[PDB]
file data_37.cif (mmCIF, N, CA and C atoms)
data_model
loop_
_atom_site.label_atom_id
_atom_site.label_comp_id
_atom_site.auth_asym_id
_atom_site.auth_seq_id
_atom_site.Cartn_x
_atom_site.Cartn_y
_atom_site.Cartn_z
N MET A 1 51.42 136.37 120.67
CA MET A 1 52.87 136.64 120.52
C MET A 1 53.68 135.36 120.68
N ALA A 2 54.37 134.96 119.61
CA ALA A 2 55.19 133.76 119.67
C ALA A 2 56.31 133.94 120.69
N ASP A 3 56.55 132.90 121.48
CA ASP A 3 57.58 132.97 122.50
C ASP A 3 58.96 133.12 121.85
N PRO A 4 59.85 133.93 122.44
CA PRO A 4 61.21 134.02 121.86
C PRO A 4 61.93 132.69 121.82
N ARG A 5 61.65 131.79 122.77
CA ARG A 5 62.25 130.47 122.74
C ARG A 5 61.84 129.71 121.49
N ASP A 6 60.55 129.78 121.12
CA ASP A 6 60.09 129.10 119.92
C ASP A 6 60.74 129.69 118.67
N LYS A 7 60.86 131.02 118.61
CA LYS A 7 61.51 131.65 117.47
C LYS A 7 62.96 131.21 117.36
N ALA A 8 63.68 131.20 118.48
CA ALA A 8 65.08 130.78 118.46
C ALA A 8 65.21 129.32 118.04
N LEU A 9 64.33 128.46 118.55
CA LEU A 9 64.39 127.05 118.17
C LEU A 9 64.10 126.86 116.69
N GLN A 10 63.11 127.58 116.16
CA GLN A 10 62.80 127.47 114.73
C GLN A 10 63.96 127.97 113.88
N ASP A 11 64.57 129.09 114.27
CA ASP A 11 65.71 129.60 113.52
C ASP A 11 66.87 128.62 113.56
N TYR A 12 67.13 128.03 114.73
CA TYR A 12 68.21 127.05 114.84
C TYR A 12 67.92 125.82 113.98
N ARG A 13 66.66 125.36 113.96
CA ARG A 13 66.31 124.21 113.14
C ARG A 13 66.49 124.51 111.66
N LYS A 14 66.05 125.69 111.22
CA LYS A 14 66.22 126.06 109.82
C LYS A 14 67.70 126.16 109.46
N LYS A 15 68.50 126.77 110.33
CA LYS A 15 69.93 126.88 110.07
C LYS A 15 70.58 125.50 110.03
N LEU A 16 70.16 124.60 110.91
CA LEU A 16 70.70 123.24 110.91
C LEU A 16 70.32 122.51 109.63
N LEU A 17 69.09 122.70 109.15
CA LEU A 17 68.69 122.07 107.89
C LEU A 17 69.52 122.61 106.73
N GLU A 18 69.73 123.92 106.68
CA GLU A 18 70.57 124.50 105.63
C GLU A 18 72.00 123.98 105.73
N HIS A 19 72.53 123.87 106.95
CA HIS A 19 73.87 123.35 107.14
C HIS A 19 73.96 121.89 106.69
N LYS A 20 72.92 121.11 106.96
CA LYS A 20 72.90 119.72 106.52
C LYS A 20 72.87 119.62 105.00
N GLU A 21 72.09 120.49 104.35
CA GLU A 21 72.07 120.50 102.89
C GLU A 21 73.44 120.87 102.33
N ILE A 22 74.07 121.89 102.91
CA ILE A 22 75.40 122.30 102.45
C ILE A 22 76.41 121.19 102.72
N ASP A 23 76.26 120.47 103.83
CA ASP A 23 77.15 119.36 104.13
C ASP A 23 76.96 118.22 103.14
N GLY A 24 75.72 117.97 102.72
CA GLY A 24 75.49 116.99 101.68
C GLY A 24 76.13 117.38 100.37
N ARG A 25 76.02 118.66 100.00
CA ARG A 25 76.71 119.14 98.80
C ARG A 25 78.22 118.98 98.94
N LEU A 26 78.76 119.31 100.11
CA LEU A 26 80.19 119.17 100.34
C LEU A 26 80.62 117.71 100.26
N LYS A 27 79.80 116.80 100.79
CA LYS A 27 80.12 115.38 100.71
C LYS A 27 80.08 114.88 99.28
N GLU A 28 79.10 115.35 98.49
CA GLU A 28 79.06 114.98 97.08
C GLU A 28 80.31 115.48 96.36
N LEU A 29 80.71 116.72 96.63
CA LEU A 29 81.91 117.26 96.00
C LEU A 29 83.15 116.51 96.46
N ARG A 30 83.19 116.11 97.73
CA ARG A 30 84.34 115.37 98.25
C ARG A 30 84.43 113.99 97.62
N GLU A 31 83.29 113.31 97.44
CA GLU A 31 83.30 112.03 96.74
C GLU A 31 83.74 112.20 95.30
N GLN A 32 83.26 113.26 94.63
CA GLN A 32 83.70 113.54 93.27
C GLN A 32 85.21 113.74 93.23
N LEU A 33 85.74 114.54 94.16
CA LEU A 33 87.18 114.78 94.20
C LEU A 33 87.95 113.51 94.50
N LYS A 34 87.44 112.68 95.42
CA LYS A 34 88.13 111.43 95.74
C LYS A 34 88.21 110.51 94.54
N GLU A 35 87.09 110.33 93.84
CA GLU A 35 87.10 109.49 92.65
C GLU A 35 87.98 110.09 91.56
N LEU A 36 87.86 111.40 91.33
CA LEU A 36 88.59 112.03 90.24
C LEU A 36 90.07 112.15 90.54
N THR A 37 90.47 112.13 91.81
CA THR A 37 91.89 112.17 92.12
C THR A 37 92.57 110.87 91.69
N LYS A 38 91.97 109.73 92.01
CA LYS A 38 92.52 108.46 91.54
C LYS A 38 92.37 108.33 90.03
N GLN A 39 91.26 108.81 89.48
CA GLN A 39 91.09 108.79 88.03
C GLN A 39 92.17 109.61 87.34
N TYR A 40 92.47 110.80 87.88
CA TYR A 40 93.49 111.66 87.30
C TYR A 40 94.88 111.09 87.52
N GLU A 41 95.10 110.43 88.65
CA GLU A 41 96.37 109.76 88.86
C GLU A 41 96.58 108.67 87.82
N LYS A 42 95.55 107.87 87.56
CA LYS A 42 95.66 106.85 86.52
C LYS A 42 95.82 107.49 85.15
N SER A 43 95.12 108.60 84.91
CA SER A 43 95.22 109.29 83.62
C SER A 43 96.63 109.82 83.39
N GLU A 44 97.22 110.47 84.40
CA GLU A 44 98.57 110.99 84.27
C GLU A 44 99.59 109.86 84.21
N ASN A 45 99.36 108.78 84.95
CA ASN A 45 100.24 107.63 84.84
C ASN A 45 100.21 107.08 83.42
N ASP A 46 99.03 106.99 82.82
CA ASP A 46 98.93 106.51 81.45
C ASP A 46 99.60 107.47 80.47
N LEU A 47 99.40 108.78 80.65
CA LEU A 47 100.00 109.73 79.72
C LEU A 47 101.52 109.74 79.82
N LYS A 48 102.07 109.68 81.04
CA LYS A 48 103.51 109.52 81.18
C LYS A 48 103.97 108.21 80.57
N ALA A 49 103.21 107.14 80.78
CA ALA A 49 103.61 105.84 80.26
C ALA A 49 103.62 105.82 78.75
N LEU A 50 102.80 106.66 78.11
CA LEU A 50 102.71 106.60 76.66
C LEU A 50 104.04 106.96 76.01
N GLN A 51 104.76 107.92 76.58
CA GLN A 51 106.06 108.32 76.07
C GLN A 51 107.14 107.49 76.77
N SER A 52 107.41 106.32 76.20
CA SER A 52 108.51 105.49 76.64
C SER A 52 108.66 104.36 75.64
N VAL A 53 109.89 103.89 75.47
CA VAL A 53 110.20 102.97 74.39
C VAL A 53 110.79 101.70 74.96
N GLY A 54 110.73 100.64 74.17
CA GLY A 54 111.26 99.37 74.59
C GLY A 54 112.72 99.23 74.29
N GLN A 55 113.33 98.25 74.95
CA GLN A 55 114.72 97.89 74.72
C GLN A 55 114.77 96.52 74.09
N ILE A 56 115.46 96.42 72.96
CA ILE A 56 115.72 95.12 72.37
C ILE A 56 116.48 94.28 73.38
N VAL A 57 116.04 93.04 73.57
CA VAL A 57 116.70 92.10 74.46
C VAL A 57 117.62 91.23 73.63
N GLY A 58 118.90 91.21 73.99
CA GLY A 58 119.86 90.37 73.32
C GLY A 58 120.93 89.89 74.27
N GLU A 59 121.75 88.96 73.82
CA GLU A 59 122.72 88.29 74.67
C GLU A 59 124.11 88.79 74.33
N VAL A 60 124.88 89.12 75.36
CA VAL A 60 126.27 89.55 75.19
C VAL A 60 127.11 88.32 74.88
N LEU A 61 127.88 88.39 73.80
CA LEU A 61 128.70 87.28 73.37
C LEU A 61 130.18 87.46 73.68
N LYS A 62 130.65 88.69 73.88
CA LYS A 62 132.05 88.93 74.21
C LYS A 62 132.22 90.41 74.50
N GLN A 63 133.24 90.73 75.31
CA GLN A 63 133.56 92.10 75.68
C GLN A 63 134.87 92.48 75.02
N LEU A 64 134.79 93.19 73.89
CA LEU A 64 135.99 93.43 73.10
C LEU A 64 136.97 94.31 73.85
N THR A 65 136.58 95.55 74.11
CA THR A 65 137.42 96.50 74.83
C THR A 65 136.57 97.02 75.98
N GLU A 66 137.11 97.99 76.72
CA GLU A 66 136.44 98.44 77.93
C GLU A 66 135.05 98.99 77.64
N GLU A 67 134.79 99.43 76.42
CA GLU A 67 133.49 100.00 76.07
C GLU A 67 133.03 99.46 74.72
N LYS A 68 133.18 98.15 74.52
CA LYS A 68 132.76 97.50 73.28
C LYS A 68 132.23 96.13 73.65
N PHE A 69 130.96 95.87 73.33
CA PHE A 69 130.35 94.58 73.56
C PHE A 69 129.70 94.10 72.27
N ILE A 70 129.83 92.80 72.00
CA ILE A 70 129.15 92.16 70.88
C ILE A 70 127.86 91.56 71.42
N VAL A 71 126.73 91.96 70.83
CA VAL A 71 125.41 91.57 71.31
C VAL A 71 124.63 90.94 70.16
N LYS A 72 124.06 89.77 70.42
CA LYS A 72 123.29 89.02 69.44
C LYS A 72 121.82 89.20 69.76
N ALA A 73 121.17 90.13 69.08
CA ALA A 73 119.76 90.37 69.33
C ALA A 73 118.97 89.11 69.02
N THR A 74 117.85 88.94 69.72
CA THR A 74 117.12 87.67 69.66
C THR A 74 116.70 87.32 68.25
N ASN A 75 116.37 88.31 67.43
CA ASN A 75 116.01 88.01 66.05
C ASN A 75 117.16 87.36 65.31
N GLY A 76 118.40 87.71 65.66
CA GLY A 76 119.55 87.11 65.04
C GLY A 76 120.67 88.05 64.63
N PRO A 77 120.36 89.29 64.25
CA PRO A 77 121.43 90.19 63.84
C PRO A 77 122.34 90.54 65.00
N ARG A 78 123.64 90.38 64.76
CA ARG A 78 124.66 90.66 65.76
C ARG A 78 125.22 92.06 65.58
N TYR A 79 125.35 92.78 66.69
CA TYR A 79 125.83 94.15 66.67
C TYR A 79 127.04 94.27 67.58
N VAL A 80 127.88 95.26 67.28
CA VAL A 80 128.89 95.74 68.22
C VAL A 80 128.36 97.03 68.82
N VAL A 81 128.24 97.07 70.14
CA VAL A 81 127.51 98.13 70.82
C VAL A 81 128.25 98.59 72.06
N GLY A 82 127.89 99.78 72.51
CA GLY A 82 128.48 100.39 73.68
C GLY A 82 127.82 99.95 74.96
N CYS A 83 128.16 100.63 76.05
CA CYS A 83 127.61 100.27 77.35
C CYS A 83 127.46 101.52 78.19
N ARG A 84 126.35 101.60 78.91
CA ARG A 84 126.10 102.74 79.78
C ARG A 84 127.19 102.84 80.84
N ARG A 85 127.54 104.07 81.21
CA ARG A 85 128.74 104.26 82.01
C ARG A 85 128.57 103.75 83.43
N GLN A 86 127.39 103.92 84.01
CA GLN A 86 127.15 103.45 85.38
C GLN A 86 126.43 102.10 85.36
N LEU A 87 127.22 101.06 85.10
CA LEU A 87 126.72 99.70 85.08
C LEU A 87 127.87 98.76 85.40
N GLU B 1 72.81 116.50 120.33
CA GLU B 1 71.84 117.54 120.02
C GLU B 1 71.21 118.10 121.30
N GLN B 2 71.33 117.34 122.39
CA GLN B 2 70.77 117.80 123.66
C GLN B 2 71.45 119.08 124.13
N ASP B 3 72.77 119.16 123.97
CA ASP B 3 73.49 120.37 124.38
C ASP B 3 73.02 121.58 123.59
N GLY B 4 72.83 121.42 122.28
CA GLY B 4 72.34 122.53 121.48
C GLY B 4 70.94 122.96 121.89
N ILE B 5 70.06 121.99 122.15
CA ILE B 5 68.70 122.32 122.58
C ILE B 5 68.74 123.08 123.90
N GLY B 6 69.56 122.61 124.85
CA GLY B 6 69.67 123.31 126.12
C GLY B 6 70.21 124.71 125.96
N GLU B 7 71.22 124.88 125.11
CA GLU B 7 71.78 126.21 124.89
C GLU B 7 70.75 127.15 124.27
N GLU B 8 69.97 126.65 123.31
CA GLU B 8 68.97 127.49 122.66
C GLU B 8 67.76 127.76 123.54
N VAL B 9 67.49 126.89 124.52
CA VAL B 9 66.33 127.06 125.39
C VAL B 9 66.69 127.96 126.56
N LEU B 10 67.68 127.55 127.35
CA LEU B 10 68.04 128.33 128.53
C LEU B 10 68.51 129.73 128.15
N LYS B 11 69.33 129.83 127.11
CA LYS B 11 69.85 131.11 126.62
C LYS B 11 69.16 131.39 125.28
N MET B 12 68.21 132.33 125.31
CA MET B 12 67.43 132.63 124.11
C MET B 12 67.90 133.91 123.43
N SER B 13 68.38 134.88 124.21
CA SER B 13 68.87 136.15 123.69
C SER B 13 70.38 136.28 123.76
N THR B 14 71.01 135.76 124.81
CA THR B 14 72.45 135.89 124.96
C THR B 14 73.23 135.12 123.91
N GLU B 15 72.61 134.15 123.25
CA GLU B 15 73.28 133.32 122.26
C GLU B 15 72.75 133.52 120.85
N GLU B 16 71.43 133.43 120.66
CA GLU B 16 70.87 133.50 119.31
C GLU B 16 71.18 134.83 118.65
N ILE B 17 71.09 135.93 119.40
CA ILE B 17 71.23 137.25 118.80
C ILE B 17 72.64 137.46 118.26
N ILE B 18 73.66 137.02 119.00
CA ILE B 18 75.05 137.36 118.71
C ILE B 18 75.87 136.13 118.32
N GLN B 19 75.97 135.15 119.22
CA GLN B 19 76.91 134.05 119.01
C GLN B 19 76.50 133.17 117.84
N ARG B 20 75.23 132.76 117.80
CA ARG B 20 74.79 131.81 116.79
C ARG B 20 74.84 132.42 115.40
N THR B 21 74.32 133.64 115.25
CA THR B 21 74.18 134.23 113.92
C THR B 21 75.55 134.47 113.27
N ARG B 22 76.50 135.02 114.03
CA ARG B 22 77.81 135.31 113.45
C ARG B 22 78.55 134.03 113.11
N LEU B 23 78.48 133.02 113.98
CA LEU B 23 79.13 131.75 113.68
C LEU B 23 78.53 131.11 112.44
N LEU B 24 77.20 131.12 112.33
CA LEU B 24 76.55 130.55 111.16
C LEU B 24 76.94 131.30 109.89
N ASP B 25 76.98 132.63 109.95
CA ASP B 25 77.36 133.42 108.78
C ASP B 25 78.79 133.11 108.36
N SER B 26 79.71 133.05 109.33
CA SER B 26 81.09 132.73 109.00
C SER B 26 81.20 131.34 108.39
N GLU B 27 80.50 130.36 108.97
CA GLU B 27 80.57 129.00 108.46
C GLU B 27 80.02 128.91 107.04
N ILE B 28 78.88 129.55 106.79
CA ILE B 28 78.28 129.47 105.46
C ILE B 28 79.15 130.18 104.43
N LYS B 29 79.73 131.33 104.80
CA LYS B 29 80.62 132.02 103.87
C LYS B 29 81.85 131.18 103.56
N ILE B 30 82.45 130.57 104.58
CA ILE B 30 83.63 129.74 104.36
C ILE B 30 83.28 128.55 103.48
N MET B 31 82.14 127.92 103.74
CA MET B 31 81.74 126.76 102.96
C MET B 31 81.43 127.15 101.52
N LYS B 32 80.82 128.31 101.31
CA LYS B 32 80.55 128.77 99.95
C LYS B 32 81.85 129.04 99.20
N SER B 33 82.82 129.69 99.86
CA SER B 33 84.10 129.92 99.22
C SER B 33 84.80 128.61 98.88
N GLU B 34 84.76 127.65 99.81
CA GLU B 34 85.37 126.35 99.55
C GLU B 34 84.68 125.65 98.39
N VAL B 35 83.35 125.73 98.33
CA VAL B 35 82.61 125.09 97.25
C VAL B 35 82.98 125.72 95.91
N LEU B 36 83.06 127.05 95.87
CA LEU B 36 83.43 127.72 94.62
C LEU B 36 84.83 127.32 94.18
N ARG B 37 85.78 127.31 95.12
CA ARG B 37 87.15 126.93 94.77
C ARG B 37 87.21 125.48 94.29
N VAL B 38 86.51 124.58 94.98
CA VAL B 38 86.52 123.17 94.60
C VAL B 38 85.87 122.98 93.24
N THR B 39 84.78 123.71 92.97
CA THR B 39 84.13 123.60 91.67
C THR B 39 85.04 124.10 90.56
N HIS B 40 85.73 125.23 90.78
CA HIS B 40 86.65 125.73 89.77
C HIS B 40 87.78 124.75 89.52
N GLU B 41 88.36 124.21 90.59
CA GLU B 41 89.44 123.23 90.43
C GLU B 41 88.93 121.98 89.74
N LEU B 42 87.73 121.52 90.09
CA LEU B 42 87.17 120.33 89.46
C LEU B 42 86.92 120.56 87.98
N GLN B 43 86.41 121.73 87.60
CA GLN B 43 86.19 122.01 86.19
C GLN B 43 87.51 122.08 85.43
N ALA B 44 88.51 122.76 86.01
CA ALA B 44 89.80 122.85 85.34
C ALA B 44 90.44 121.48 85.18
N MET B 45 90.37 120.65 86.23
CA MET B 45 90.98 119.32 86.16
C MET B 45 90.15 118.38 85.30
N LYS B 46 88.84 118.59 85.20
CA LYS B 46 88.03 117.82 84.28
C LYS B 46 88.37 118.15 82.84
N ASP B 47 88.59 119.43 82.54
CA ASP B 47 89.06 119.80 81.20
C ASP B 47 90.45 119.23 80.94
N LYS B 48 91.33 119.28 81.94
CA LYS B 48 92.66 118.72 81.78
C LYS B 48 92.59 117.22 81.52
N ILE B 49 91.73 116.51 82.23
CA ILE B 49 91.65 115.07 82.02
C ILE B 49 90.88 114.75 80.75
N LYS B 50 90.03 115.66 80.28
CA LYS B 50 89.44 115.48 78.96
C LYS B 50 90.50 115.58 77.88
#
call {"tool": "encode", "arguments": {"input": "data_37.cif", "output": "structure tokens"}}
result
Amino acid sequence: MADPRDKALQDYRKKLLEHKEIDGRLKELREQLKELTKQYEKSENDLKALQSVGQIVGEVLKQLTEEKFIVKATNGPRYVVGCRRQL
Amino acid sequence: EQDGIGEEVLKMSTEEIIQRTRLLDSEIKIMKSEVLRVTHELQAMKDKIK
């Protein structure tokens, strides 16, 4: 007759081994989530960045009226243009 | 691990029969639910990032 102490110790060892295996699976999933969180952050940053446009850079040459500016775009064509209200 | 060995040796019936089994069952069920949820979220977010 196997001693109850031996049975309890064997059951505890088996449960600990199963818990260690499950912990290894959890650690693998956690590493996957950690990598994929930064990967998804970069992916969403790129996707948001894709929808955005550039601003022509040009030099203001004179301020005609309170909301009229003459701007000489770097290529050379001169425009009369407005101005954003909070500036 | 010494504390666990002592608990399992000195207390063979008062702990293994009731305390250990229920705690282990609760832990494994919680971990399985967490694994399933994490796998579902990972698959959904993998499809989203695809």
call {"tool": "closest_atom_pairs", "arguments": {"input": "data_37.cif", "of": "chain A", "to": "range 13-31 of chain B", "cutoff": "8 Å", "atoms": "all atoms listed in the file", "output": "Markdown table"}}
result
| residue | atom | partner | partner_atom | distance |
| --- | --- | --- | --- | --- |
| A:4 | C | B:13 | N | 7.2 |
| A:5 | N | B:13 | N | 7.5 |
| A:8 | CA | B:16 | CA | 6.5 |
| A:15 | CA | B:24 | CA | 7.6 |
| A:19 | CA | B:28 | CA | 7.7 |
| A:22 | C | B:31 | CA | 7.7 |
call {"tool": "closest_atom_pairs", "arguments": {"input": "data_37.cif", "of": "chain B", "to": "chain A", "cutoff": "6.5 Å", "atoms": "only N, CA and C atoms", "output": "JSON lines"}}
result
{"residue": "B:8", "atom": "C", "partner": "A:9", "partner_atom": "N", "distance": 6.1}
{"residue": "B:9", "atom": "CA", "partner": "A:5", "partner_atom": "CA", "distance": 5.9}
{"residue": "B:12", "atom": "CA", "partner": "A:5", "partner_atom": "CA", "distance": 5.8}
{"residue": "B:16", "atom": "CA", "partner": "A:8", "partner_atom": "CA", "distance": 6.5}
call {"tool": "atom_distance", "arguments": {"input": "data_37.cif", "atom1": "CA of residue 64 in chain A", "atom2": "CA of residue 76 in chain A"}}
result
19.4 Å
call {"tool": "select_by_dssp", "arguments": {"input": "data_37.cif", "residues": "range 23-84 of chain A", "states": "helix (DSSP H, G or I)", "output": "VMD selection string"}}
result
chain A and resid 23 to 50
call {"tool": "atom_distance", "arguments": {"input": "data_37.cif", "atom1": "CA of residue 81 in chain A", "atom2": "atom C of residue 69 in chain A"}}
result
4.8 Å
call {"tool": "atom_distance", "arguments": {"input": "data_37.cif", "atom1": "CA of residue 41 in chain B", "atom2": "CA of residue 52 in chain A"}}
result
29.5 Å
call {"tool": "resolve_selection", "arguments": {"input": "data_37.cif", "expression": "the PyMOL selection byres ((chain A and resi 57) around 5)", "output": "ChimeraX atom specification"}}
result
/A:55-56,58-59,73-74
call {"tool": "closest_residue", "arguments": {"input": "data_37.cif", "among": "A:14, A:51, A:35, A:68", "to": "residue 42 in chain B", "atoms": "only C-alpha atoms"}}
result
A:35
call {"tool": "select_by_dssp", "arguments": {"input": "data_37.cif", "residues": "range 11-71 of chain A", "states": "strand (DSSP E or B)", "output": "PyMOL selection string"}}
result
chain A and resi 58-63+69-71
call {"tool": "build_atoms", "arguments": {"input": "data_37.cif", "residues": "range 14-30 of chain A", "atoms": "N, CA, C and O atoms", "output": "PDB file, keeping the file's coordinate frame"}}
result
ATOM      1  N   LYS A  14      66.050 125.690 111.220  1.00  0.00           N
ATOM      2  CA  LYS A  14      66.220 126.060 109.820  1.00  0.00           C
ATOM      3  C   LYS A  14      67.700 126.160 109.460  1.00  0.00           C
ATOM      4  O   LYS A  14      68.125 125.695 108.389  1.00  0.00           O
ATOM      5  N   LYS A  15      68.500 126.770 110.330  1.00  0.00           N
ATOM      6  CA  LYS A  15      69.930 126.880 110.070  1.00  0.00           C
ATOM      7  C   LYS A  15      70.580 125.500 110.030  1.00  0.00           C
ATOM      8  O   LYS A  15      71.470 125.256 109.211  1.00  0.00           O
ATOM      9  N   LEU A  16      70.160 124.600 110.910  1.00  0.00           N
ATOM     10  CA  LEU A  16      70.700 123.240 110.910  1.00  0.00           C
ATOM     11  C   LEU A  16      70.320 122.510 109.630  1.00  0.00           C
ATOM     12  O   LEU A  16      71.129 121.756 109.077  1.00  0.00           O
ATOM     13  N   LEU A  17      69.090 122.700 109.150  1.00  0.00           N
ATOM     14  CA  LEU A  17      68.690 122.070 107.890  1.00  0.00           C
ATOM     15  C   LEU A  17      69.520 122.610 106.730  1.00  0.00           C
ATOM     16  O   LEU A  17      69.970 121.837 105.865  1.00  0.00           O
ATOM     17  N   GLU A  18      69.730 123.920 106.680  1.00  0.00           N
ATOM     18  CA  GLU A  18      70.570 124.500 105.630  1.00  0.00           C
ATOM     19  C   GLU A  18      72.000 123.980 105.730  1.00  0.00           C
ATOM     20  O   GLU A  18      72.628 123.677 104.706  1.00  0.00           O
ATOM     21  N   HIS A  19      72.530 123.870 106.950  1.00  0.00           N
ATOM     22  CA  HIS A  19      73.870 123.350 107.140  1.00  0.00           C
ATOM     23  C   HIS A  19      73.960 121.890 106.690  1.00  0.00           C
ATOM     24  O   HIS A  19      74.964 121.477 106.118  1.00  0.00           O
ATOM     25  N   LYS A  20      72.920 121.110 106.960  1.00  0.00           N
ATOM     26  CA  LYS A  20      72.900 119.720 106.520  1.00  0.00           C
ATOM     27  C   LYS A  20      72.870 119.620 105.000  1.00  0.00           C
ATOM     28  O   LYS A  20      73.541 118.772 104.409  1.00  0.00           O
ATOM     29  N   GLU A  21      72.090 120.490 104.350  1.00  0.00           N
ATOM     30  CA  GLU A  21      72.070 120.500 102.890  1.00  0.00           C
ATOM     31  C   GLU A  21      73.440 120.870 102.330  1.00  0.00           C
ATOM     32  O   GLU A  21      73.938 120.248 101.380  1.00  0.00           O
ATOM     33  N   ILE A  22      74.070 121.890 102.910  1.00  0.00           N
ATOM     34  CA  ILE A  22      75.400 122.300 102.450  1.00  0.00           C
ATOM     35  C   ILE A  22      76.410 121.190 102.720  1.00  0.00           C
ATOM     36  O   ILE A  22      77.339 120.985 101.928  1.00  0.00           O
ATOM     37  N   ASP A  23      76.260 120.470 103.830  1.00  0.00           N
ATOM     38  CA  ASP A  23      77.150 119.360 104.130  1.00  0.00           C
ATOM     39  C   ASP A  23      76.960 118.220 103.140  1.00  0.00           C
ATOM     40  O   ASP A  23      77.924 117.549 102.763  1.00  0.00           O
ATOM     41  N   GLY A  24      75.720 117.970 102.720  1.00  0.00           N
ATOM     42  CA  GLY A  24      75.490 116.990 101.680  1.00  0.00           C
ATOM     43  C   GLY A  24      76.130 117.380 100.370  1.00  0.00           C
ATOM     44  O   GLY A  24      76.733 116.550  99.679  1.00  0.00           O
ATOM     45  N   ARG A  25      76.020 118.660 100.000  1.00  0.00           N
ATOM     46  CA  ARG A  25      76.710 119.140  98.800  1.00  0.00           C
ATOM     47  C   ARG A  25      78.220 118.980  98.940  1.00  0.00           C
ATOM     48  O   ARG A  25      78.895 118.564  97.987  1.00  0.00           O
ATOM     49  N   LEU A  26      78.760 119.310 100.110  1.00  0.00           N
ATOM     50  CA  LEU A  26      80.190 119.170 100.340  1.00  0.00           C
ATOM     51  C   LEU A  26      80.620 117.710 100.260  1.00  0.00           C
ATOM     52  O   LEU A  26      81.692 117.400  99.733  1.00  0.00           O
ATOM     53  N   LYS A  27      79.800 116.800 100.790  1.00  0.00           N
ATOM     54  CA  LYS A  27      80.120 115.380 100.710  1.00  0.00           C
ATOM     55  C   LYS A  27      80.080 114.880  99.280  1.00  0.00           C
ATOM     56  O   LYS A  27      80.915 114.070  98.871  1.00  0.00           O
ATOM     57  N   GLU A  28      79.100 115.350  98.490  1.00  0.00           N
ATOM     58  CA  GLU A  28      79.060 114.980  97.080  1.00  0.00           C
ATOM     59  C   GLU A  28      80.310 115.480  96.360  1.00  0.00           C
ATOM     60  O   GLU A  28      80.931 114.741  95.581  1.00  0.00           O
ATOM     61  N   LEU A  29      80.710 116.720  96.630  1.00  0.00           N
ATOM     62  CA  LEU A  29      81.910 117.260  96.000  1.00  0.00           C
ATOM     63  C   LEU A  29      83.150 116.510  96.460  1.00  0.00           C
ATOM     64  O   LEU A  29      84.082 116.292  95.678  1.00  0.00           O
ATOM     65  N   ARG A  30      83.190 116.110  97.730  1.00  0.00           N
ATOM     66  CA  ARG A  30      84.340 115.370  98.250  1.00  0.00           C
ATOM     67  C   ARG A  30      84.430 113.990  97.620  1.00  0.00           C
ATOM     68  O   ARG A  30      85.524 113.514  97.313  1.00  0.00           O
TER      69      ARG A  30
END
